[PDB]
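Participant: If it helps, the file is called data.pdb and holds PDB, C-alpha atoms (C1' of nucleotides):
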MODEL        1
ATOM      1  CA  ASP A1020      54.710 -16.664  31.692  1.00  0.00           C
ATOM      2  CA  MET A1021      54.611 -18.450  28.285  1.00  0.00           C
ATOM      3  CA  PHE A1022      54.267 -22.148  27.380  1.00  0.00           C
ATOM      4  CA  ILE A1023      55.959 -23.390  24.182  1.00  0.00           C
ATOM      5  CA  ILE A1024      55.352 -25.902  21.382  1.00  0.00           C
ATOM      6  CA  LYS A1025      57.954 -26.190  18.582  1.00  0.00           C
ATOM      7  CA  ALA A1026      55.669 -27.921  16.065  1.00  0.00           C
ATOM      8  CA  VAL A1027      56.415 -27.845  12.322  1.00  0.00           C
ATOM      9  CA  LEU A1028      54.013 -26.140   9.912  1.00  0.00           C
ATOM     10  CA  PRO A1029      54.162 -26.186   6.058  1.00  0.00           C
ATOM     11  CA  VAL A1030      54.571 -22.788   4.360  1.00  0.00           C
ATOM     12  CA  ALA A1031      51.836 -23.498   1.760  1.00  0.00           C
ATOM     13  CA  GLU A1032      49.101 -24.660   4.183  1.00  0.00           C
ATOM     14  CA  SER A1033      49.478 -21.406   6.173  1.00  0.00           C
ATOM     15  CA  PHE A1034      47.878 -18.643   4.058  1.00  0.00           C
ATOM     16  CA  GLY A1035      46.799 -16.186   6.738  1.00  0.00           C
ATOM     17  CA  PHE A1036      46.842 -18.904   9.430  1.00  0.00           C
ATOM     18  CA  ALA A1037      49.081 -17.113  11.959  1.00  0.00           C
ATOM     19  CA  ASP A1038      47.077 -13.881  11.425  1.00  0.00           C
ATOM     20  CA  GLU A1039      43.731 -15.486  12.447  1.00  0.00           C
ATOM     21  CA  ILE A1040      44.733 -17.134  15.728  1.00  0.00           C
ATOM     22  CA  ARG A1041      46.725 -14.075  16.795  1.00  0.00           C
ATOM     23  CA  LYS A1042      43.749 -11.725  16.529  1.00  0.00           C
ATOM     24  CA  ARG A1043      41.228 -14.303  17.742  1.00  0.00           C
ATOM     25  CA  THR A1044      43.381 -14.828  20.867  1.00  0.00           C
ATOM     26  CA  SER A1045      46.247 -12.372  21.574  1.00  0.00           C
ATOM     27  CA  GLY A1046      48.620 -13.554  24.350  1.00  0.00           C
ATOM     28  CA  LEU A1047      47.136 -17.066  24.567  1.00  0.00           C
ATOM     29  CA  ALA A1048      48.288 -17.717  20.957  1.00  0.00           C
ATOM     30  CA  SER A1049      51.342 -15.714  19.806  1.00  0.00           C
ATOM     31  CA  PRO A1050      52.907 -17.595  16.838  1.00  0.00           C
ATOM     32  CA  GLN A1051      56.512 -16.512  16.183  1.00  0.00           C
ATOM     33  CA  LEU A1052      57.286 -17.680  12.623  1.00  0.00           C
ATOM     34  CA  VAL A1053      60.922 -18.842  12.218  1.00  0.00           C
ATOM     35  CA  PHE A1054      62.295 -20.878   9.258  1.00  0.00           C
ATOM     36  CA  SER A1055      64.579 -23.916   9.646  1.00  0.00           C
ATOM     37  CA  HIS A1056      64.817 -26.230   6.590  1.00  0.00           C
ATOM     38  CA  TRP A1057      62.610 -28.200   4.181  1.00  0.00           C
ATOM     39  CA  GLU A1058      61.382 -31.516   5.649  1.00  0.00           C
ATOM     40  CA  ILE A1059      61.121 -34.391   3.139  1.00  0.00           C
ATOM     41  CA  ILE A1060      58.000 -36.615   3.343  1.00  0.00           C
ATOM     42  CA  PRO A1061      57.270 -39.926   1.555  1.00  0.00           C
ATOM     43  CA  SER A1062      55.051 -38.821  -1.336  1.00  0.00           C
ATOM     44  CA  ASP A1063      55.529 -38.595  -5.118  1.00  0.00           C
ATOM     45  CA  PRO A1064      53.598 -35.842  -6.961  1.00  0.00           C
ATOM     46  CA  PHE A1065      52.991 -36.736 -10.631  1.00  0.00           C
ATOM     47  CA  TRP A1066      50.422 -35.866 -13.320  1.00  0.00           C
ATOM     48  CA  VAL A1067      47.808 -38.535 -14.285  1.00  0.00           C
ATOM     49  CA  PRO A1068      47.292 -41.801 -12.313  1.00  0.00           C
ATOM     50  CA  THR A1069      48.531 -44.619 -14.594  1.00  0.00           C
ATOM     51  CA  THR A1070      47.006 -48.144 -14.300  1.00  0.00           C
TER      52      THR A1070
ATOM     53  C1'   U B   1     -51.699  -7.442  13.169  1.00  0.00           C
ATOM     54  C1'   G B   2     -47.420  -6.153  16.026  1.00  0.00           C
ATOM     55  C1'   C B   3     -42.934  -7.279  19.011  1.00  0.00           C
ATOM     56  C1'   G B   4     -40.078 -11.272  19.208  1.00  0.00           C
ATOM     57  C1'   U B   5     -37.354 -16.012  19.112  1.00  0.00           C
ATOM     58  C1'   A B   6     -33.870 -18.919  16.450  1.00  0.00           C
ATOM     59  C1'   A B   7     -33.430 -24.429  14.335  1.00  0.00           C
ATOM     60  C1'   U B   8     -30.915 -24.779   9.422  1.00  0.00           C
ATOM     61  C1'   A B   9     -27.663 -22.822   6.460  1.00  0.00           C
ATOM     62  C1'   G B  10     -23.819 -19.357   5.301  1.00  0.00           C
ATOM     63  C1'   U B  11     -19.606 -16.251   8.030  1.00  0.00           C
ATOM     64  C1'   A B  12     -14.141 -12.380   7.105  1.00  0.00           C
ATOM     65  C1'   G B  13     -10.605 -10.219   7.473  1.00  0.00           C
ATOM     66  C1'   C B  14      -5.691 -11.651   6.146  1.00  0.00           C
ATOM     67  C1'   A B  15      -0.466 -10.069   5.310  1.00  0.00           C
ATOM     68  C1'   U B  16       3.633  -6.602   5.779  1.00  0.00           C
ATOM     69  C1'   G B  17       7.095  -2.686   7.126  1.00  0.00           C
ATOM     70  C1'   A B  18       9.328   1.367  10.210  1.00  0.00           C
ATOM     71  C1'   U B  19      10.367   2.231  14.975  1.00  0.00           C
ATOM     72  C1'   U B  20      10.340   0.643  20.645  1.00  0.00           C
ATOM     73  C1'   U B  21      12.985  -3.495  22.435  1.00  0.00           C
ATOM     74  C1'   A B  22      18.212  -2.499  20.329  1.00  0.00           C
ATOM     75  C1'   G B  23      22.747  -1.358  17.810  1.00  0.00           C
ATOM     76  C1'   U B  24      20.542  -4.883  23.047  1.00  0.00           C
ATOM     77  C1'   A B  25      20.739 -10.449  23.414  1.00  0.00           C
ATOM     78  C1'   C B  26      24.277 -13.598  20.488  1.00  0.00           C
ATOM     79  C1'   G B  27      29.184 -13.195  18.393  1.00  0.00           C
ATOM     80  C1'   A B  28      37.004 -12.970  18.826  1.00  0.00           C
ATOM     81  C1'   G B  29      35.399  -9.989  14.780  1.00  0.00           C
ATOM     82  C1'   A B  30      32.407  -9.848  10.387  1.00  0.00           C
ATOM     83  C1'   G B  31      27.894  -8.935  11.533  1.00  0.00           C
ATOM     84  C1'   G B  32      23.348  -9.090  14.083  1.00  0.00           C
ATOM     85  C1'   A B  33      17.755 -11.281  16.261  1.00  0.00           C
ATOM     86  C1'   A B  34      12.770 -12.211  19.152  1.00  0.00           C
ATOM     87  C1'   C B  35       8.571 -11.792  22.764  1.00  0.00           C
ATOM     88  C1'   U B  36       6.241  -7.033  24.142  1.00  0.00           C
ATOM     89  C1'   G B  37       4.658  -1.878  22.924  1.00  0.00           C
ATOM     90  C1'   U B  38       3.302   2.015  18.962  1.00  0.00           C
ATOM     91  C1'   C B  39       2.430   4.238  14.046  1.00  0.00           C
ATOM     92  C1'   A B  40       1.632   3.143   9.555  1.00  0.00           C
ATOM     93  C1'   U B  41       1.164   0.331   4.952  1.00  0.00           C
ATOM     94  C1'   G B  42      -0.542  -3.872   0.906  1.00  0.00           C
ATOM     95  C1'   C B  43      -4.438  -6.807  -0.581  1.00  0.00           C
ATOM     96  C1'   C B  44      -9.753  -8.636   1.235  1.00  0.00           C
ATOM     97  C1'   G B  45     -14.539  -7.350   2.872  1.00  0.00           C
ATOM     98  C1'   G B  46     -19.013  -3.948   4.645  1.00  0.00           C
ATOM     99  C1'   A B  47     -20.774   0.975   4.377  1.00  0.00           C
ATOM    100  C1'   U B  48     -20.841   6.376   3.186  1.00  0.00           C
ATOM    101  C1'   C B  49     -20.569  10.973   0.321  1.00  0.00           C
ATOM    102  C1'   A B  50     -18.742  16.167   5.061  1.00  0.00           C
ATOM    103  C1'   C B  51     -14.113  17.162   1.634  1.00  0.00           C
ATOM    104  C1'   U B  52     -11.670  16.416  -3.488  1.00  0.00           C
ATOM    105  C1'   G B  53     -12.331  14.791  -8.079  1.00  0.00           C
ATOM    106  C1'   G B  54     -15.624  12.549 -11.805  1.00  0.00           C
ATOM    107  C1'   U B  55     -20.242  12.960 -14.475  1.00  0.00           C
ATOM    108  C1'   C B  56     -25.013  16.748 -16.236  1.00  0.00           C
ATOM    109  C1'   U B  57     -32.176  16.584 -19.527  1.00  0.00           C
ATOM    110  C1'   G B  58     -31.356  21.039 -13.693  1.00  0.00           C
ATOM    111  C1'   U B  59     -31.720  20.941 -21.604  1.00  0.00           C
ATOM    112  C1'   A B  60     -29.806  25.421 -14.228  1.00  0.00           C
ATOM    113  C1'   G B  61     -26.905  29.850 -15.732  1.00  0.00           C
ATOM    114  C1'   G B  62     -22.744  31.949 -18.876  1.00  0.00           C
ATOM    115  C1'   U B  63     -20.619  32.148 -24.092  1.00  0.00           C
ATOM    116  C1'   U B  64     -20.739  31.706 -29.147  1.00  0.00           C
ATOM    117  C1'   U B  65     -21.579  29.047 -34.982  1.00  0.00           C
ATOM    118  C1'   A B  66     -25.144  28.494 -38.736  1.00  0.00           C
ATOM    119  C1'   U B  67     -30.271  29.068 -40.063  1.00  0.00           C
ATOM    120  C1'   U B  68     -35.423  30.913 -38.884  1.00  0.00           C
ATOM    121  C1'   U B  69     -38.805  34.504 -36.633  1.00  0.00           C
ATOM    122  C1'   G B  70     -38.221  42.373 -40.556  1.00  0.00           C
ATOM    123  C1'   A B  71     -34.532  44.807 -36.677  1.00  0.00           C
ATOM    124  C1'   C B  72     -33.262  45.007 -31.619  1.00  0.00           C
ATOM    125  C1'   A B  73     -35.560  41.705 -28.216  1.00  0.00           C
ATOM    126  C1'   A B  74     -36.363  36.956 -26.779  1.00  0.00           C
ATOM    127  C1'   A B  75     -36.817  32.429 -28.607  1.00  0.00           C
ATOM    128  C1'   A B  76     -36.849  27.930 -32.063  1.00  0.00           C
ATOM    129  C1'   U B  77     -34.094  24.095 -35.092  1.00  0.00           C
ATOM    130  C1'   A B  78     -28.976  21.479 -35.778  1.00  0.00           C
ATOM    131  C1'   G B  79     -32.384  14.383 -33.023  1.00  0.00           C
ATOM    132  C1'   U B  80     -28.956  17.898 -26.114  1.00  0.00           C
ATOM    133  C1'   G B  81     -25.695  22.735 -32.115  1.00  0.00           C
TER     134        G B  81
ENDMDL
END
Could you take the file, read its structure, and then write that structure out as structure tokens?

Facilitator:
Amino acid sequence: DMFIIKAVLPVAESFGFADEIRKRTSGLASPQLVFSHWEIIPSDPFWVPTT
RNA sequence: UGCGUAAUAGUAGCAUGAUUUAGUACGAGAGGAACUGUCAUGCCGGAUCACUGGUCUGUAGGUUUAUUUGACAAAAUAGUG
């Protein structure tokens, strides 16, 4: 009876994210959290913007 | 003289809470209203003294200090002792 998305979701930006949607809507939003591996994105974190 | 009018002017009541609605509506939950009804309350005003309190030259009674009038008596003065 279920419909599935396999969309990626950063570990940091979920901080009680799966807990909210589950309670708000049980059955019509049942997030099963399963790790895979760390995706690399084009961005360079560094302290102080120079020039 | 009475009984009246009423131009002109002034003019007064305002504000809350509890409950009823309703743990309702609303909201995934967290929470959480209103119209309406009732009982009250804050300040504002206009009166009144039945109660309660206040006051006392009612110099109304009661008590007592000092002095005076021989004593008791019953009074006086002490600016209402």

Participant: Please find the residues of chain A near chain B - the criterion being any atom within 8 Å, counting all atoms listed in the file - and write them as a list in words.

Facilitator: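 Listed by rising number, the hits are residues 1042, 1043 and 1044 of chain A.
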
Participant: Please provide the set of residues having any atom within 12 Å of region 38-40 of chain B, restricted to all atoms listed in the file, with same-chain residues fewer than 4 positions apart removed, written as a PDB file with C-alpha atoms (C1' of nucleotides), in the frame of the given file.

Facilitator:
ATOM      1  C1'   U B  16       3.633  -6.602   5.779  1.00  0.00           C
ATOM      2  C1'   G B  17       7.095  -2.686   7.126  1.00  0.00           C
ATOM      3  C1'   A B  18       9.328   1.367  10.210  1.00  0.00           C
ATOM      4  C1'   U B  19      10.367   2.231  14.975  1.00  0.00           C
ATOM      5  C1'   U B  20      10.340   0.643  20.645  1.00  0.00           C
ATOM      6  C1'   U B  21      12.985  -3.495  22.435  1.00  0.00           C
TER       7        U B  21
END

Participant: Mind checking which residues fall within 12 Å of residue 1022 (chain A), counting all atoms listed in the file, ignoring those fewer than 5 positions away in the same chain, and posting them as a PyMOL selection string?

Facilitator: chain A and resi 1046-1050

Participant: Would you list the residues near (56.8, -27.8, 16.6), meaning any protein, DNA or RNA residue with an atom at most 12 Å from that point in file coordinates, counting all atoms listed in the file, as an MDAnalysis selection string?

Facilitator: chainID A and resid 1023:1029 1050:1055

Participant: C1' of residue 36 (chain B) and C1' of residue 23 (chain B) are how many Å apart?

Facilitator: 18.6 Å

Participant: Report, in Å to a single decimal, how far apart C1' of residue 27 (chain B) and CA of residue 1032 (chain A) are.

Facilitator: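 Distance between the two atoms: 27.0 Å.
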
Participant: Residues picked by the PyMOL selection byres ((chain B and resi 46-59) around 9) here, as a PDB file with C-alpha atoms (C1' of nucleotides), in the frame of the given file?

Facilitator:
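In the end it all went to selection-v7.pdb:
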ATOM      1  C1'   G B  45     -14.539  -7.350   2.872  1.00  0.00           C
ATOM      2  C1'   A B  60     -29.806  25.421 -14.228  1.00  0.00           C
ATOM      3  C1'   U B  80     -28.956  17.898 -26.114  1.00  0.00           C
TER       4        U B  80
END

Participant: Evaluated on this file, the PyMOL selection byres ((chain B and resi 12-14) around 8) picks out some residues - which ones are they, written as number ranges by chain?

Facilitator: B: 11, 15, 44-45

Participant: Could you tell me how far CA of residue 1060 (chain A) lies from CA of residue 1041 (chain A), in Å and to one decimal?

Facilitator: 28.6 Å
